[PDB]
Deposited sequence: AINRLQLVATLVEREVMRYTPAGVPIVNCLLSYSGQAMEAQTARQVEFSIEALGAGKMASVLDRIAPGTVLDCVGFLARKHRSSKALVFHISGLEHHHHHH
């Protein structure tokens, strides 16, 4: 079943890298979205923040990105462990 989120958003903050029991690194972060949903009947402004994380190489990538940076993100939604988290599977600098 498809579960795919594409989001262009600003990195607001990130937590110190942590590791799963298997030794996989995880970086939790907060992203801030600000834009327009043309998908709504009347175009409307949309603004929200969302908890995200990168695992494995994506943790390493996030760990080197400055807060304030706008990121083009793809990935999937999942349960935190209830609240949801955006798992980032792919990332580019927007600009």
Need the unmodelled segments of the deposited chain, numbered from 1, in order.
82-84, 99-101
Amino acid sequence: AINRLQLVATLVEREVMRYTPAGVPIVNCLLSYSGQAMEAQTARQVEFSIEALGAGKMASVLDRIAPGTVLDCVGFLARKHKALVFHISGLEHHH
From here on, numbers count along this sequence of modelled residues.
Mean Cα B-factor check, 47-55 vs 33-41, entry values; winner is 33-41
Using only the Cα atoms and their B-factors as the entry lists them, report which of 7-15 and 82-90 averages higher.
82-90
Can you pull the Cα B-factors for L77, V74, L71, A22 from the entry and say which is highest?
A22
